[PDB]
Amino acid sequence: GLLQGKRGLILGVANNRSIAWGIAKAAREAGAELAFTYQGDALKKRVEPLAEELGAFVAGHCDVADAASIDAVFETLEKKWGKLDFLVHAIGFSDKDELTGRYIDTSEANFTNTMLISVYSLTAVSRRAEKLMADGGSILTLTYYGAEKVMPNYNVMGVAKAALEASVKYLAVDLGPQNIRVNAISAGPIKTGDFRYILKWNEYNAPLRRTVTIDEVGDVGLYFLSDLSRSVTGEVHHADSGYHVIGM
Amino acid sequence: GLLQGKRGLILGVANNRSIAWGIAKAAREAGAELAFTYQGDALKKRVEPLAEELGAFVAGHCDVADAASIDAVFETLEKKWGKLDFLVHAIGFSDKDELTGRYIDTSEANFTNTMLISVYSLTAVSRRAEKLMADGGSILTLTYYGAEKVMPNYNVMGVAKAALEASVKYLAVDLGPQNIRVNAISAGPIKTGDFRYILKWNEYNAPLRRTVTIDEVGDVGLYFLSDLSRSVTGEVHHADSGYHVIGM
Amino acid sequence: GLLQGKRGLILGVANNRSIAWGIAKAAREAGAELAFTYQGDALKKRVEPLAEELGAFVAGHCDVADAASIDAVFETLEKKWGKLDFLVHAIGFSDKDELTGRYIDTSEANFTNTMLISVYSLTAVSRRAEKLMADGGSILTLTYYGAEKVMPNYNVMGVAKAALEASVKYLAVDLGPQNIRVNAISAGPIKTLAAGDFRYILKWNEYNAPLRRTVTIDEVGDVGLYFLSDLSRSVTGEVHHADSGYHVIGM
Amino acid sequence: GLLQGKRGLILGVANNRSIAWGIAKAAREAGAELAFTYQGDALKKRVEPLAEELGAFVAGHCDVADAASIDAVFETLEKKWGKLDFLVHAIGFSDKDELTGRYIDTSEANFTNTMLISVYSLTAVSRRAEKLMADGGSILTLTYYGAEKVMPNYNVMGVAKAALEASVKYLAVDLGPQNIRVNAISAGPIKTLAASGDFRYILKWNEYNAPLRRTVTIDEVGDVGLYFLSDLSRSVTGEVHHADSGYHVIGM
């Protein structure tokens, strides 16, 4: 099993229909012991059974816009495991209304919030994961082609994900000498404002003529979490049925 | 006069050694009418005479953090001219101390402050610029290769500039149908936190074997503001003596 | 004029509706003295009157495969001018028939010929140009977004232009220490008034490019002017989109 | 187990220290049945013992400059297997002496030959491979950061790899509908034990500057190759993927 003996934290599992869950399931299948956080006691009740379903330790409450939450979570894991092998960062909020409007009308609070939650969160968490990862490890986050090209209904998140992708590079350089690798999967859109059209566009135009699934993305996750990707860091990897190559 | 009959606002002229000044000078040589903002009482002293050398109208103090300020400036500009043809965004800050350390040790305050000032500011001023630019124009900002690859002593600003370059693309789409162009110049380091070595690195490894000058970047700026560049938007353009092509 | 007291060779001026001509015309209007080349004996009958218009010296036949012809052209130029300030490379060919099929069906002869004419020719010519630009200069080639992303009806010309953009970078490192700049314009598609699925490609750009219009040879001409002039003296190794912003569009 | 039930062709196995071999090894250990060709000047008797180390079937001589040669290989595999799951394209050539020169001094014959062997070959072999991959599959090639940035001692191979990377994208568009993926690994330089260009300097530079402070090995790239041949990467096509200890992100 590719993660036999490995222990990891998955941030952002809130249901069984997300990429985070896809990665979690795949990593569990590969032999990983997992740890889930939940965002706010409303989610706790949905996250508990999901954790049971993959044998996952529930590591505590974790809102990324709260530095104390994050310290607590890693407190719990440092006592339980005393080491992390991998970390999966699947956190990302942007204001829903402003996505359907023009980027230029992006408010400041949204900009700052999106940036803090979608971008700084990784740096914050990665900072702490570093203490638990002195034996080496893999840090993984999620992005989208909207960081590279203008994509509809993405606006400030496009801007944010461009920042996330750069931060992955910078983080790769900080942590690499400790044999900690940092990477991002740029996922295509996945069947779950104006989402139906985007999905149909990928389906018709993406080389492989289908939208990606969470199982597909999960296995890409698995590769990044596994030793197969030992030599890979600071990389943005497209798991999008080839969509990124299409210029028209 | 490439900019004969055009009026533009330069944000970020705080001295006579900056790229902003370089662009303003070249823009003034090409026949532009200019407007300068300043930042605080200390800078109003130094800006008034810089304004005088180029015949630049002083449009008032501007703190991009303060939304009230941005609207005052553009209220003033609307009164005085009633139209802008171009806007030069040469505003950026990140905490001096944290540049010298590890990106991963970046503080939230510095992350947020840098993002607000270095990135959101352009979006904020471009939103106002648009009302005054209805019948066309050019928006120009500054960036650095640290957005694309990891560069030393740069940390969160790299991440910020990745977001700014992304923002340029999104703004270009928002403003393009009104014939407003949005572009960035990726400037190499310029003689004026471990800067000597970076300059000497570019001097010896850049194809043209020299660091760029504010006069050189100003003329690239001139191109962007001019109608020479009227088919060009959403572009990150290297004025760095070719440094960006170098892999080793 | 931004090119007053400057002399350059434009390669590829076959007619008066092309980006080469656009650049030629803009360069001349900015005070430059031009030299044009031809290929065909038929094309000599088309280029001569174009050169006349811009007061260009017809520097002669230049089959970019025939290495003898290239040396002969730059020999002429060094007799006449002794220096060269700029060179525009607007040469490129690929099989018209194979553009409309699948890339994967590209024939070896077409691949090699496209590669040779569209990519190596710049290197070939920049090698002779180097000797005449000892006081520095600007070398300018032409590319298209189909080099960065898959675009329709382009196939192996995409593979070729990706090669060219790569060659521009390596040439920039070779020639920069003599203060010779090597750049490429990534031009959008241009509406022609003359005689597979090109109208549709133009339309797509018309509706989807940020500036909601396709670029013209006058507009690209002016970008070429920028690259020829001293405005761009800090700029080398660069691939510059003159495409109404189309390149930022993801969907 | 990742390639159990899978059959694939590896082009470019000439020794036991190349990325091709590392990929072959990793693929065989993953349960794959392999076929090797022997390329250009490589001898049947030299590739035979490598084939035999992995119970690989030698599919015959292949010269990528001879169209009939490519057809023969694929006719042979078409007889033996009738179906191909993957293809590893590890072919590349450029004149050794011009790599030390300036790119601009590249001769026409070297340009053309490098392009034919290093770039066209993948398009040529994918064209034949398509016909054997009706149920889809994975096509893998090898590239180097020299295709993206100017790197030393690479010259026209950089230009060529750039074209190759572009060709991966176009190929991926053509073959995607048949569920066939096409990808490239951008490998870092690899230290060799064999006889010894300015390569030592290039290795040392990667070692000291790449985020992970080490140069990659053929077993490491072998495993990245494994991923691309496996169904782990079935959502991935058109990709240039860096197996280079992160070197690609370094600006200075």
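Annotations for the structure displayed:
Order as written gives the chain letters A, B, C and D; numbering starts at 1 within each chain.
Basically, contacts are C-beta pairs under 8 Å (C-beta built on N, C-alpha and C of every residue); 3 or more make two chains touch, one makes a residue touch a chain.
Interface comparison, A-C versus A-D: the pair with the greater number of contacting C-beta pairs is A-D. The geometric centre of chain B is 31 Å away from that of chain C, both derived from CA atoms.
Each chain gets a centre from the mean of its Cα atoms; for chain A and chain C, those two points are 44 Å apart.
Of all residues in chain A, those that touch two or more other chains are 149-150, 169, 172-173, 175, 234, 245-246.
Shown here, the protein chains touch in all possible pairs.
You'll find the chains touch as A-B, A-C, A-D, B-C, B-D, C-D. Of all the residues in chain C, the ones that touch chain A in their complex are 145-146, 148-152, 201, 204, 248-251. The residues of chain A lying in touch with chain D in their complex are 169, 172-173, 175-177, 179, 181, 188, 206-209, 212-213, 216-217, 219-220, 222-223, 227-235, 237-242, 244-246. Of all residues in chain C, those touching chain D in their complex are 67, 102-106, 108, 111-112, 115-116, 119-120, 123-124, 126-127, 130, 147, 149-150, 155-156, 158-163, 165-167, 169-175, 237.
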